[PDB]
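Asks: Handing you this structure, nothing more for now.
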Amino acid sequence: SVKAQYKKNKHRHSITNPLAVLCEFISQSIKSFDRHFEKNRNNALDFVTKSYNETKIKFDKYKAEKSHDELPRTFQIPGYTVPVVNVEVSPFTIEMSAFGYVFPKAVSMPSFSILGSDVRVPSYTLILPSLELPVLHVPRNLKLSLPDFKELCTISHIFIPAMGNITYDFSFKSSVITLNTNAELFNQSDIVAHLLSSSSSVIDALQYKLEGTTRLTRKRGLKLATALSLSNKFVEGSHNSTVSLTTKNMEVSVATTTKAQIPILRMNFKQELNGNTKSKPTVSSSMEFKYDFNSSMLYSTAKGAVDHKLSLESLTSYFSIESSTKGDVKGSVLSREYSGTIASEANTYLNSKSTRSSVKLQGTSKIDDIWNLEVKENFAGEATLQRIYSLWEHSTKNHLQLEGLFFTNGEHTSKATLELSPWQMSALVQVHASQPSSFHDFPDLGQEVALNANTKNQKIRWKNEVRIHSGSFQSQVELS
Amino acid sequence: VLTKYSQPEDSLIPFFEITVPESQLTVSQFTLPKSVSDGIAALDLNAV
C-alpha cells in the first residue's frame, strides 16, 4: 500500500518587504552630496571672484562687448503624456547665456508625474554666473539638492507559502518482513517535518525503529530544532542540532552522541559544538573519540582515544585562539607492545601591539618497546612593536634498537634563539646535539655561534668540537 | 623631538643623536554592526 495524496492549497502569505531602510540611506547620501556641493562652490568662487576682477578692466571699461549682439538662448521642450505608462512629462526649459560662449544660465525644473515609483525624476535648481554682464559670482549659499528616491519603500512581498500538509505513507506486509514508514510535513506558515520508519522482521537486524522530527519557525525569525534518534541493534544514533535566532542573538549547538557495537571493534564518539554570539561570538569545540580494538585471530589488540579541544575568542579588545590535541593509543601485536601517544598544545595570540604563537609537540611513541622517545619538537615566537624574538626548534631525541648490540642514535639540535632591539643585534646559536654509539664510537658533535653587534663594537665567537672513534677535533675562531 | 650631542661607548665617533621619544596614540572607539556612519551616509544594519 502506497499513499501520496496532497490536499492542494495554492495560496501564499505575502509579507511586505520594507525598502524604507534604503529610502533614508539615499537621503543621507544626498545630504553629504549637498554639503560637498557647498564646499566645491566655495573652491570655485575662490577662482571666480579673481576671474571677474581680471575681466572687468577688459570688458566693462574697454569697448569689447555688446557688438553684433545675440539673443539669449532659451530652449523649451513641450510637455507630453504617456497613457500606457501613465507618465505626465511636464515642459522642460533649458537656458544658456548667449553672450560669451555657451556659458551656463540659471534654470529650475520640477519633476514629472509617473505611475509607480521605480525612479524619481530629478528636480533641480541651478544658479550660475551669467556672462550677459561682466559680473561673475557663484551662489555657494544655494547648494543643489536632488529629490531622494522613494522606490516604493513598502511595495514588495516576501512569500511564505500556504501549502497544505504533504502526506506519504508506505506500508508493505509479508510473513518474514514488515515495513511501515510514514513521513508527514506541515507547511501552514512554519515548517514542522516528522518522519517515522517502522521495520519488523524475523531477523534481528532487520527489525529496528527510526524517528525524526525537524521543527523550524519563521514568524519571528528562523529558529530551528532538529532531533534524530535511531533504534538499531548495532548502531545507537543520537543527533541533536538546534539553530535558534531570537531576532537579536545567534545560538548554535551541536550535541551528537553515537557509538558502534561491533564486537571486535567497539567504538564511541561524541560531538559538541556550541557557537554563541550575544555581543562577541564565543565558540566551544570539544571533539572526543574512543575506540576499542582486538583481533584475536591476528593476536593484535589496541585501545586509545583521540580527543581535541579548541577555544576561540574573537574579542574586540584582542583575539585569542587556543588549541590542543591528544592522540592516545595503546596496543600489542604478536605478543609485542604497540605504544603511541601524541600530545600537542597550539597557542596563538594577537593584538595591535604584540602577537605571539608558541606550539609544543610530543611525538612520544614506540613499537615493541623499541625506538622510543620522540620528544620536544617545539617552537616559540614573539613580536612586539618594541622588539622581536625567536626560538624555533630546540629538541631532544634518543632512540634505542633492541636487536643486535643495542645501537643508539638520538641526534637533535640544541636550543638557539634570536633577539632584536634598537641599536642592538644579538644572535646566539647552539646546535648539533648527537648520540655516540657502538661501531667505532659514533660521532659526538656540538657547535657554538655567538654574534653581538653594536655598530663599531662587533664581537664574533665561533667554536666547533668533533669526537669520533679514537680521534677528536676542535676549532676556535674569535673576532673581537 | 630632541637632539643630543653624544660620544657613544660602542662607537669612537662623536655624534649628534636625533631622538624621537616614544609616543602613545589614542584611537577612539567605534560602533560595529549596530549603525554605521562615516560622514557621508548613515546605515542601520540591524534595520537591514
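Simple scheme: letters A, B, ... for chains in C-alpha cells order, numbers from 1 for residues in each chain, numbers from 1 for ligands in the order shown.
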Go through chain B residue by residue and, counting only C-alpha atoms, keep those with an atom at most 8 Å from chain A; for each kept residue give the shortest atom pair and its distance in Å to one decimal, ordered by chain and increasing number, as a Markdown table.
Replies:
| residue | atom | partner | partner_atom | distance |
| --- | --- | --- | --- | --- |
| B:10 | CA | A:457 | CA | 5.1 |
| B:11 | CA | A:456 | CA | 5.0 |
| B:12 | CA | A:456 | CA | 7.6 |
| B:39 | CA | A:32 | CA | 7.3 |
| B:40 | CA | A:32 | CA | 4.9 |
| B:41 | CA | A:28 | CA | 4.7 |
| B:42 | CA | A:25 | CA | 6.1 |
| B:43 | CA | A:25 | CA | 5.8 |
| B:44 | CA | A:21 | CA | 7.4 |
| B:47 | CA | A:21 | CA | 6.5 |
| B:48 | CA | A:21 | CA | 6.4 |
Asks: Go ahead and dump the residues you just picked, N, CA, C and O atoms, as a CSV table (one decimal), in the first residue's frame.
Replies:
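The result, written out as selection_19.csv:
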chain,number,residue,atom,x,y,z
B,10,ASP,N,80.1,52.3,22.4
B,10,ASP,CA,80.3,51.3,21.3
B,10,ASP,C,80.9,51.9,20.1
B,10,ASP,O,81.5,51.1,19.3
B,11,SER,N,80.9,53.2,19.9
B,11,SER,CA,81.5,53.8,18.7
B,11,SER,C,82.4,55.0,19.1
B,11,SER,O,82.0,55.9,19.9
B,12,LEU,N,83.6,55.0,18.5
B,12,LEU,CA,84.5,56.1,18.8
B,12,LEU,C,84.2,57.4,18.1
B,12,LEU,O,84.8,58.4,18.5
B,39,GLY,N,30.3,60.0,7.9
B,39,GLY,CA,30.3,61.4,7.5
B,39,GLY,C,29.7,61.6,6.1
B,39,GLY,O,29.5,62.8,5.7
B,40,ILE,N,29.4,60.5,5.4
B,40,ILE,CA,28.8,60.6,4.1
B,40,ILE,C,27.4,60.1,4.1
B,40,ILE,O,26.5,60.7,3.5
B,41,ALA,N,27.1,59.0,4.8
B,41,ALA,CA,25.8,58.4,4.9
B,41,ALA,C,25.8,57.5,6.2
B,41,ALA,O,26.8,57.1,6.7
B,42,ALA,N,24.6,57.3,6.7
B,42,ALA,CA,24.3,56.5,7.8
B,42,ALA,C,23.4,55.4,7.5
B,42,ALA,O,22.3,55.6,6.9
B,43,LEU,N,23.8,54.1,7.8
B,43,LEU,CA,23.1,52.9,7.5
B,43,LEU,C,22.8,52.2,8.8
B,43,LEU,O,23.7,51.9,9.6
B,44,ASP,N,21.5,51.7,9.0
B,44,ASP,CA,21.2,50.9,10.1
B,44,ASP,C,21.2,49.5,9.6
B,44,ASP,O,20.3,49.0,9.0
B,47,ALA,N,18.4,47.3,11.0
B,47,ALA,CA,17.2,47.5,10.1
B,47,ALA,C,17.3,46.8,8.8
B,47,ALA,O,16.3,46.2,8.4
B,48,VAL,N,18.5,46.7,8.2
B,48,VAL,CA,18.6,46.0,7.0
B,48,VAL,C,18.4,44.5,7.3
B,48,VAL,O,17.7,43.8,6.5
Asks: So which bits of segment 7-44 of chain B end up strand (DSSP E or B) when you DSSP the backbone, as a list in words?
Replies: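 Reading the DSSP output for segment 7-44 of chain B, strand (DSSP E or B) covers residues 15, 16, 17, 18, 19, 36, 37, 42 and 43 of chain B.
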Asks: Output N, CA and C atoms of each residue in that selection to a file, as a PDB file, in the first residue's frame.
Replies:
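Produced file part25.pdb, reproduced below:
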ATOM      1  N   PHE B  15      78.861  62.092  17.914  1.00  0.00           N
ATOM      2  CA  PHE B  15      77.610  62.140  17.173  1.00  0.00           C
ATOM      3  C   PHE B  15      76.672  63.183  17.758  1.00  0.00           C
ATOM      4  N   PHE B  16      75.780  63.682  16.905  1.00  0.00           N
ATOM      5  CA  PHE B  16      74.531  64.296  17.331  1.00  0.00           C
ATOM      6  C   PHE B  16      73.432  63.269  17.097  1.00  0.00           C
ATOM      7  N   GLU B  17      72.732  62.885  18.156  1.00  0.00           N
ATOM      8  CA  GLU B  17      71.726  61.833  18.079  1.00  0.00           C
ATOM      9  C   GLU B  17      70.344  62.471  18.136  1.00  0.00           C
ATOM     10  N   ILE B  18      69.653  62.477  17.000  1.00  0.00           N
ATOM     11  CA  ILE B  18      68.274  62.947  16.946  1.00  0.00           C
ATOM     12  C   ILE B  18      67.381  61.825  17.458  1.00  0.00           C
ATOM     13  N   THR B  19      66.663  62.090  18.546  1.00  0.00           N
ATOM     14  CA  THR B  19      65.861  61.083  19.225  1.00  0.00           C
ATOM     15  C   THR B  19      64.406  61.524  19.254  1.00  0.00           C
ATOM     16  N   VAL B  36      26.134  52.322  11.280  1.00  0.00           N
ATOM     17  CA  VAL B  36      27.443  52.788  10.835  1.00  0.00           C
ATOM     18  C   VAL B  36      27.265  54.036   9.984  1.00  0.00           C
ATOM     19  N   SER B  37      28.013  55.085  10.323  1.00  0.00           N
ATOM     20  CA  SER B  37      28.061  56.306   9.535  1.00  0.00           C
ATOM     21  C   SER B  37      29.499  56.797   9.481  1.00  0.00           C
ATOM     22  N   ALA B  42      24.550  57.329   6.664  1.00  0.00           N
ATOM     23  CA  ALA B  42      24.313  56.516   7.848  1.00  0.00           C
ATOM     24  C   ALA B  42      23.398  55.361   7.477  1.00  0.00           C
ATOM     25  N   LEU B  43      23.812  54.145   7.823  1.00  0.00           N
ATOM     26  CA  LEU B  43      23.068  52.936   7.503  1.00  0.00           C
ATOM     27  C   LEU B  43      22.802  52.153   8.779  1.00  0.00           C
TER      28      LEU B  43
END
Asks: Calculated over only C-alpha atoms, which of the candidates A:209, A:58, A:356, A:290 has the smallest distance to residue 232 of chain A?
Replies: A:209
Asks: By how many Å are atom CA of residue 184 of chain A and atom CA of residue 206 of chain A apart?
Replies: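 These two atoms are separated by 23.4 Å.
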Asks: Between A:295, A:51, A:414, A:316, which one has atoms that come closest to residue 30 of chain B, using only C-alpha atoms?
Replies: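 When distances to residue 30 of chain B are compared using only C-alpha atoms, the smallest one comes from A:316.
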Asks: Find the distance between atom CA of residue 327 of chain A and atom CA of residue 282 of chain A and write it in Å to one decimal.
Replies: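 Taking atom CA of residue 327 of chain A and atom CA of residue 282 of chain A, their separation equals 25.8 Å.
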Asks: Would you mind reading off the distance between atom CA of residue 49 of chain A and atom CA of residue 100 of chain A, one decimal, in Å?
Replies: 17.5 Å
Asks: May I ask which of the residues A:198, A:125, A:9, A:117 is the closest one to residue 161 of chain A, counting only C-alpha atoms?
Replies: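 Checking each of A:198, A:125, A:9, A:117 against residue 161 of chain A, counting only C-alpha atoms, the winner is A:9.
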Asks: Hey, what's within 9 Å of residue 134 of chain A if we count only C-alpha atoms and toss same-chain stuff fewer than 6 positions away? As a ChimeraX atom specification, please?
Replies: /A:52,55-56,59-60
Asks: What does the file look like for those residues with N, CA, C and O atoms, as a short mmCIF file (atom, residue, chain, number, x, y, z; two decimals), in the first residue's frame?
Replies:
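The result, written out as out.cif:
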data_model
loop_
_atom_site.label_atom_id
_atom_site.label_comp_id
_atom_site.auth_asym_id
_atom_site.auth_seq_id
_atom_site.Cartn_x
_atom_site.Cartn_y
_atom_site.Cartn_z
N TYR A 52 36.55 87.51 -12.29
CA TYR A 52 35.75 88.71 -12.50
C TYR A 52 36.60 89.97 -12.39
O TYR A 52 36.47 90.89 -13.20
N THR A 55 38.60 90.23 -15.59
CA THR A 55 37.82 90.54 -16.79
C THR A 55 37.30 91.97 -16.78
O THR A 55 37.26 92.61 -17.83
N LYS A 56 36.93 92.49 -15.60
CA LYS A 56 36.31 93.81 -15.51
C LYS A 56 36.99 94.83 -16.41
O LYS A 56 36.35 95.43 -17.27
N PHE A 59 36.45 94.14 -20.18
CA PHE A 59 35.09 94.11 -20.72
C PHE A 59 34.31 95.37 -20.38
O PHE A 59 33.85 96.09 -21.28
N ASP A 60 34.13 95.66 -19.09
CA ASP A 60 33.29 96.78 -18.69
C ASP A 60 33.90 98.13 -19.05
O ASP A 60 33.20 98.99 -19.60
#
Asks: For residue 252 of chain A, find every residue with an atom within 6 Å (counting only C-alpha atoms), except residues of its own chain fewer than 4 positions away, and show them as a PyMOL selection string.
Replies: chain A and resi 243+274-275
Asks: How about saving the chosen residues, N, CA, C and O atoms kept, as a short mmCIF file (atom, residue, chain, number, x, y, z; two decimals), in the first residue's frame?
Replies:
data_model
loop_
_atom_site.label_atom_id
_atom_site.label_comp_id
_atom_site.auth_asym_id
_atom_site.auth_seq_id
_atom_site.Cartn_x
_atom_site.Cartn_y
_atom_site.Cartn_z
N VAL A 243 19.47 25.39 15.78
CA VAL A 243 19.89 26.73 15.43
C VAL A 243 18.71 27.66 15.70
O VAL A 243 17.65 27.53 15.08
N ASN A 274 29.13 24.48 20.22
CA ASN A 274 28.16 25.48 20.66
C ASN A 274 28.70 26.86 20.32
O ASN A 274 29.37 27.50 21.14
N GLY A 275 28.42 27.32 19.10
CA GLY A 275 28.79 28.66 18.69
C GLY A 275 27.74 29.66 19.13
O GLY A 275 26.58 29.57 18.71
#
Asks: Leaving out residue 249 of chain A and any residue of its chain fewer than 2 positions from it, which residues lie within 12 Å of it when counting only C-alpha atoms, given as a list in words?
Replies: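 Residues meeting the cut-off are residues 221, 222, 223, 243, 244, 245, 246, 247, 251, 252, 275, 276, 277, 278, 279, 280, 281 and 282 of chain A; 46 of chain B.
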Asks: Using only C-alpha atoms, which residues sit within 7 Å of residue 137 of chain A once same-chain residues fewer than 4 positions away are excluded, as number ranges by chain?
Replies: A: 45, 48-49, 129
Asks: Residues within 9 Å of residue 182 of chain A, please, as a list in words. Count only C-alpha atoms; anything in the same chain fewer than 5 positions from it doesn't count.
Replies: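 The contact residues come out as residues 167, 168, 169, 170, 171, 194, 195, 196, 197 and 198 of chain A.
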